[PDB]
Amino acid sequence: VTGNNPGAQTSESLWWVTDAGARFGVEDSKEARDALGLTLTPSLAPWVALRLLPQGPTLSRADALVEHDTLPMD
Amino acid sequence: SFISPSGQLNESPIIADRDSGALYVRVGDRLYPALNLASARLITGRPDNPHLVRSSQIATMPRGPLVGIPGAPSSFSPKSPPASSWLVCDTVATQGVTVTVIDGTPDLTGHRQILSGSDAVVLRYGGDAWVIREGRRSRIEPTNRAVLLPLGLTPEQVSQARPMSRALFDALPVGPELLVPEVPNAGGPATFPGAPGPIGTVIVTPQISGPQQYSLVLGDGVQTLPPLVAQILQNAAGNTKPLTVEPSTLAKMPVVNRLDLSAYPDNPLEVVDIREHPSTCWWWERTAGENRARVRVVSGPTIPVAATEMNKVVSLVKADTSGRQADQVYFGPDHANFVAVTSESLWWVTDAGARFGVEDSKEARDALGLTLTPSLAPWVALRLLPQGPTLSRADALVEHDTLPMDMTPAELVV
Amino acid sequence: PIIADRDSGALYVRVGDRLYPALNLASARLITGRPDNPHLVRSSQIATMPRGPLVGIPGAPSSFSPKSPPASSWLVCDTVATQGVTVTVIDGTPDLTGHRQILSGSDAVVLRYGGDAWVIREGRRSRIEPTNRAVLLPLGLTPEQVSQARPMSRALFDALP
Amino acid sequence: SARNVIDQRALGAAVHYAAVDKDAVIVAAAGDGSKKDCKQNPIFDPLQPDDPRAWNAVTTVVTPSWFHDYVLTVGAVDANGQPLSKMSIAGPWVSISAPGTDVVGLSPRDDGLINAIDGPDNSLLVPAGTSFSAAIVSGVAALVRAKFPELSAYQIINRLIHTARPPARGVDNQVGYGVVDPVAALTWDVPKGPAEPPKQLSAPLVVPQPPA
Amino acid sequence: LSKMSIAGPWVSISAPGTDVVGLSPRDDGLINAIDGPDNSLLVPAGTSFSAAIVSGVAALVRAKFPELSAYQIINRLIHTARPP
Amino acid sequence: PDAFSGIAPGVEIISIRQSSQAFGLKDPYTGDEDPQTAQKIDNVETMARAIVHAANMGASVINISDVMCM
Amino acid sequence: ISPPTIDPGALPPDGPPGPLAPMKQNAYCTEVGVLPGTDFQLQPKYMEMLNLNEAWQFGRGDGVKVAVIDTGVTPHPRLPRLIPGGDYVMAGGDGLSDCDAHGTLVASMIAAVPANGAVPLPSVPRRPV
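Residue numbers (the entry's author numbering), protein chains in the order written: chain A, 423 to 496; chain B, 74 to 167, 175 to 316, 319 to 424, 433 to 504; chain C, 86 to 167, 175 to 253; chain D, 336 to 547; chain E, 419 to 502; chain F, 266 to 335; chain G, 40 to 168.
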């Protein structure tokens with residue numbers, strides 16, 4: 423993600439976009455980047471356009487290490 | 074083709090990416106990513122397995138949002154044995177109890193034994209002690225010396241018994257309490273002629289061979305009593323000795339069968355020492371076509387599972403803090419996956443120990459397979475497993491862009 | 086550490102000495118810590134190892150193939166019908189063939205939002221009012237023409253500077 | 336410290352009076368880890384989704400920043416956009432962030448610009464931290480209130496929050512809702528009501544008609 | 419605890435010195451740590467607690483063998499320790 | 266409700282206060298000897314007195330958990 | 040820890056600023072300077088993010104009063120609209136002298152006026168430290 427003006431130079435957060443059209447946030451820790459296989463340079467995008475895609479759950483190692491008996495349908 | 078396997082798009086509607094195992098389903102001219110095999114089968118209506126296709130092919134077709142039921146089963150292997158066996162068992166700590181459910185034939189080798197005949201065990205629940213024998217439970221009281229003394233129990237031995245799980249308490253059916261049998265209208269006059277005494281008096285007659293025969297006067301006659309039962313009446319204040327009578331007059335007297343003695347045993351109880359047998363199980367057994375299932379009780383030093391397979395017991399999360407759910411599940415040899423219960435209801439049990447309800451209609455019984463006849467199982471055991479959503483065709487025809495998050499997970503430890 | 090049933094297609098992950106069924110590939114990679122792909126294993130062998138409850142993140146992505154094209158191109162599009177609009181997001185190079193054209197020079201377009209009329213030209217939006225005959229006439233507009241302009245989507249209103 | 340917290344009733348009443356009865360907007364710094372008693376607070380725990388801001392784990396309390404219902408707390412980021420994980424206190428009250436490095440300003444005791452202040456020794460020390468990031472947000476809030484004089488304090492805060500660029504978790508105790516964005520705050524059509532979650536996420540699948 | 423105890427030639431025996439617990443001064447309950455110079459909550463550990471454990475064991479031993487002199491009680495503790 | 270307990274709940278303990286960091290001398294001048302070494306000689310002398318006193322009280326076990334490094 | 044609760048009956052009484060007990064100065068005010076090699080003709084790097092050259096088109100914020108509660112501010116020819124609000128540390132202060140060299144940076148970073156060929160107020164009546 424980067425600013426919308428034509429002269430912006432920042433880079434504030436990393437996102438993954440699936441071909442089904444949903445964005446998932448990626449925690450930029452060295453362990454998360456290497457486990458997913460995202461040790462690569464990201465392409466820039468404008469927030470005014472990217473915000474229009476629906477947001478899913480965050481991807482992180484500490485987040486996936488959980489057990490569930492059954493999952494709540496709703 | 075053998076050197077570098079791959080695949081081609083075909084008529085089959087369930088396909089999977091050979092490079093990543095992602096599962097897709099086609100509807101119309103569009104591919105939809107599916108959450109699991111169960112919903113993919115249920116949406117298309119064909120009981121089948123995914124067809125492998127190369128990634129470069131799947132990328133050309135148009136997509137759509139996610140479809141299916143979240144968390145549904147992901148593998149199907151119908152299995153139905155001729156004999157069905159289930160056990161609800163627990164184990165006591167060296175405070176606290178742990179409940180384990182078993183599907184399949186138990187192992188009775190080693191010091192394990194059936195709790196039949198004169199053997200019995202005492203447990204505590206709800207503030208009352210309970211005596212378990214011959215497949216039933218009965219209540220007892222620590223103050224009633226008249227019953228404890230001839231039965232062989234002791235006040236210390238009754239008040240110090242270990243706790244019992246609520247799961248086992250419901251599974252075991254109740255029997256009449258171990259109390260002094262009351263006689264209606266005791267001391268009243270007998271209705272039959274030649275009565276040796278008033279109602280509630282005990283009569284005894286000798287024999288040329290064998291032990292003396294005891295009997296009790298009732299409003300309508302006399303009922304024969306076993307020796308151990310007679311001692312309970314004799315032990316309580320009362321008459322010093324029973325009425326001795328001639329065999330011939332007693333033979334002519336009207337015999338009655340009105341009071342029930344089902345709770346009293348034949349000899350003093352052989353109380354099983356809970357330190358040596360910290361585990362007791364309830365066993366339900368039935369053979370296809372039999373009129374009724376057989377109920378038995380087992381006890382031993384450890385759960386009735388083989389020492390070799392003791393390591394592959396499944397441990398559940400058990401988010402429910404109430405007693406209505408089990409802690410562990412084990413699938414022994416010749417277990418049953420597809421089950422029906424006593433108007434009947436159909437259930438599918440997964441290897442992970444979850445149960446899912448299946449519709450009775452041809453739609454579900456065709457799309458998912460499961461067309462064979464299910465095996466029978468008892469509701470008192472099956473209800474102990476955690477429940478998932480029902481596999482109806484109306485439920486799988488849903489789209490999602492984000493799934494709801496579970497509010498009570500548990501930690502995975504490496 | 087990541088294996089899949091060769092017949093059932095189910096996905097499993099290994100931790101310690103147990104096999105756990107995983108919800109998706111994204112969570113299987115994070116748990117194992119390796120950027121691998123599922124290995125195909127004979128179903129008869131999977132049945133011999135001890136199970137565990139479900140693990141992972143529900144609905145996470147199921148396939149990873151990073152990409153980095155030479156240039157990044159994004160579009161936010163608004164299309165009106167005949175009242176009502178739809179918003180479309182395009183990622184990649186747009187197709188300019190045919191009757192389509194790039195707005196430049198004297199070309200302009202008028203749209204409505206919150207009742208006000210906005211003139212789009214030179215890559216920006218500028219407000220105008222229907223009462224001011226002195227400004228409308230020299231520019232070539234007409235009060236009727238401004239009043240009849242069609243709606244504008246919030247997606248495009250926030251995007252145009 | 337979270338232990339032996341001091342009675343702040345007097346401060347609580349003063350904040351409510353200024354924010355509600357006088358419609359003032361209050362901007363406060365999140366605090367710098369270099370201060371004598373400030374210690375780093377713990378962040379979100381995926382194992383206990385009971386409270387997304389993790390209030391039960393707080394160990395250091397920062398006041399008046401604590402009154403998250405009436406005060407806007409600013410965290411710090413470097414000039415490139417990365418959070419200054421080493422000096423912001425990252426509590427559950429943090430709501431927004433702004434730059435906090437390469438500080439420049441007019442000089443007291445002189446008549447020109449300055450860039451550093453003398454330390455306790457020969458060392459010449461450069462200033463940095465949240466105390467400057469709070470000043471930046473205070474400037475943007477002044478411009479916005481000058482353009483939308485009809486809006487109340489509670490509405491101006493929602494205009495800044497909803498226009499900021501978010502972090503990978505959507506809301507994070509390290510930076511709050513995101514990085515401030517002046518041009519967006521002054522021109523976007525932000526909805527006037529507070530945030531609300533959707534009614535339901537599912538929709539029925541329109542299956543095609545089977546062939547005869 | 420190689421990093422915290424002075425290894426002199428007089429050292430004769432050893433005992434635990436971590437995970438200390440005890441009654442609380444100025445209160446009526448238990449405690450585990452003390453406020454340091456800063457607001458930091460410092461946890462106590464060290465030989466001053468190990469000397470307490472041995473003081474308790476010595477009291478029990480010369481309750482059972484009241485006939486032994488001081489020098490003999492020390493030899494009874496030393497000879498039964500598990501050696502390095 | 267609480268698992269803690271002493272090693273010998275039956276003993277009787279005598280308390281003597283011989284050292285503390287919260288107290289100081291209210292005439293800091295100490296003359297010829299450096300104020301830091303002057304304090305150690307005061308501790309050695311006071312320590313000997315406490316041991317003799319505790320012995321005459323009849324204690325059979327004396328515990329010293331405060332020692333001086335030199 | 041639980042979210043704070045408020046009781047509006049406890050409002051403190053209004054009155055002129057003043058310390059709660061008499062206080063005296065204990066240390067000399069800190070010195071300030073410039074780092075080797077800096078050039079104030081280049082814009083500060085933090086201004087690249089704010090895009091002020093586009094945001095000022097709607098006006099520079101005329102007519103808004105901002106209160107700075109801190110170590111106070113020292114007057115400067117670049118701050119033409121500074122107002123004294125009072126002092127709580129010293130009983131006789133106006134709250135217009137930055138001994139800690141902190142309030143002047145925070146304040147000047149918000150309202151300092153850009154450079155011009157001549158200053159609006161050439162006077163300099165400020166007292167010594």
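In this text, a Cβ means the ideal position worked out from N, Cα and C, and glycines have one as well.
Exercise for the section: Find the nearest neighbour of residue 490 of chain A within the set B:444, B:304, B:94, judged by alpha-carbon distance. Expected result: B:444
Exercise for the section: Return no unless some Cβ of chain C is closer than 7 Å to the Cβ of residue 435 of chain A. Expected result: Chain C has no Cβ within less than 7 Å of the Cβ of residue 435 of chain A.
Exercise for the section: Reducing DSSP to helix, strand and coil, say where residue 424 of chain B ends up. Expected result: The DSSP-derived three-state label of residue 424 of chain B is coil.
Problem - Where residue 361 of chain B sits in the DSSP three-state scheme - result: strand
Practice task
Output yes or no for whether 7 Å exceeds the beta carbon distance between residue 474 of chain E and residue 327 of chain F.
Solution key: With respect to the 7 Å criterion, residue 474 of chain E and residue 327 of chain F are not classified as neighbours on the basis of their beta carbons.
Practice task
Take residue 318 of chain F as the anchor and find which of F:267, F:279, F:266 has the nearest alpha-carbon.
Solution key: F:279
Practice task
Mind listing, in chain order, the continuous beta strand (DSSP E) runs of no fewer than 3 residues lying wholly within the region 211-235 of chain C?
Solution key: 216-220
Handout entry: Neighbour flag for residue 428 of chain D against chain C, beta carbons, 7 Å
Key = no
Problem - Interface positions of the region 428-460 of chain D facing chain G (Cβ-Cβ less than 9 Å), listed along the chain - result: Of all residues in the region 428-460 of chain D, only 433, 434, 435, 436, 437, 438, 439, 440, 441, 442, 443, 444, 445, 446, 447, 448, 449, 450, 451, 452, 453, 454, 459 come within less than 9 Å of chain G when Cβ atoms are compared, listed by chain position.
Problem - Coarse secondary structure for residue 95 of chain G, derived from DSSP in three states - result: helix
Practice task
Would you grab the beta carbon distance between residue 119 of chain G and residue 159 of chain G for me? Rounded to a whole angstrom, and I think it's under 8 Å.
Solution key: 5 Å
Practice task
For residue 322 of chain D, collect the residues of the same chain with a Cβ closer than 8 Å to its Cβ; drop the 5 residues on either side in sequence, then sort them by chain order.
Solution key: Because chain D is modelled from 336 through 547, residue 322 of chain D falls outside the range shown and cannot be assessed.
Practice task
Could you spell out where the beta strand (DSSP E) holding residue 489 of chain D opens and where it closes?
Solution key: Per DSSP, residue 489 of chain D belongs to no beta strand (DSSP E); it is in the alpha helix (DSSP H), 488-498.
Exercise for the section: Apply the 10 Å Cβ neighbour rule to residue 467 of chain D and answer buried if 16 or more other Cβ atoms are within range, or exposed otherwise. Expected result: Around the CB of residue 467 of chain D, 16 or more other CB atoms lie within 10 Å, so the residue is classed as buried.
Handout entry: residue 472 of chain B (DSSP reduced to helix, strand or coil)
Key = helix
Exercise for the section: Tell me, please, whether the region 105-112 of chain G touches the region 133-145 of chain G by the rule of three or more beta-carbon pairs shorter than 8 Å. Expected result: Yes: at least three Cβ pairs fall under 8 Å.
Exercise for the section: Determine whether the Cβ of residue 538 of chain D lies closer than 7 Å to any Cβ atom of chain B. Expected result: yes
Exercise for the section: Work out the CA separation of residue 429 of chain E and residue 500 of chain E for me, nearest whole Å. Expected result: Taking the straight line from one Cα to the other gives about 15 Å.
Exercise for the section: Locate the alpha helix (DSSP H) running through residue 485 of chain B, then write down its first and last residues. Expected result: 483-486
Exercise for the section: Just grab the DSSP bridge partners of residue 490 of chain B for me. Expected result: Answer is B:139.
Exercise for the section: Using alpha carbons as the reference points, say which of C:100, C:112, C:152, C:161 lies closest to residue 244 of chain C. Expected result: The shortest Cα separation from residue 244 of chain C among C:100, C:112, C:152, C:161 belongs to C:161.
Practice task
Can you tell me which of the three DSSP states residue 140 of chain G falls into?
Solution key: In the three-state scheme derived from DSSP, where H, G and I count as helix and E and B as strand, residue 140 of chain G is classed as coil.
Handout entry: Beta-carbon proximity check, residue 449 of chain D vs residue 69 of chain G, cutoff 7 Å
Key = no
Exercise for the section: Give a yes or no on whether 7 Å exceeds the smallest Cβ distance from residue 419 of chain D to chain B. Expected result: no
Exercise for the section: May I ask you to list, following chain order, the residues of the region 189-217 of chain B that have a beta carbon less than 7 Å from some beta carbon of chain D? Expected result: none
Problem - Straight-line Cα distance separating residue 495 of chain D from residue 481 of chain A - result: 27 Å
Problem - Contact set between the region 503-526 of chain D and chain C, restricted to residues whose Cβ is under 7 Å from the partner - result: 523, 524
Practice task
State the beta-bridge partners of residue 352 of chain B as determined by DSSP.
Solution key: B:199
Exercise for the section: May I ask you to report which of helix, strand or coil DSSP gives residue 178 of chain C? Expected result: strand
Exercise for the section: Give a yes or no on contact between the region 391-405 of chain B and the region 372-381 of chain B, applying the rule of three or more CB pairs nearer than 8 Å. Expected result: no
Practice task
For chain B, find out if any of its Cβ atoms is closer than 7 Å to the Cβ of residue 449 of chain A; answer yes or no.
Solution key: no
Handout entry: Cβ-based neighbour list, residue 370 of chain B, same chain, cut-off 7 Å, excluding 5 preceding and 5 following
Key = 155
Handout entry: 7 Å Cβ cut-off: residues of chain B touching residue 247 of chain C
Key = Going along chain B, no residue has its Cβ under 7 Å from residue 247 of chain C, so there is no contact; the nearest lies around 18 Å.
Exercise for the section: Count the CB pairs spanning the region 447-458 of chain A and the region 116-129 of chain C that are closer than 8 Å, and state whether there are at least three. Expected result: yes
Problem - Meets three-Cβ-pair contact criterion under 8 Å: the region 93-112 of chain C and the region 126-144 of chain C - result: yes
Problem - Residue environment, residue 158 of chain B, which counts as buried when at least 16 other CB atoms sit within 10 Å - result: buried
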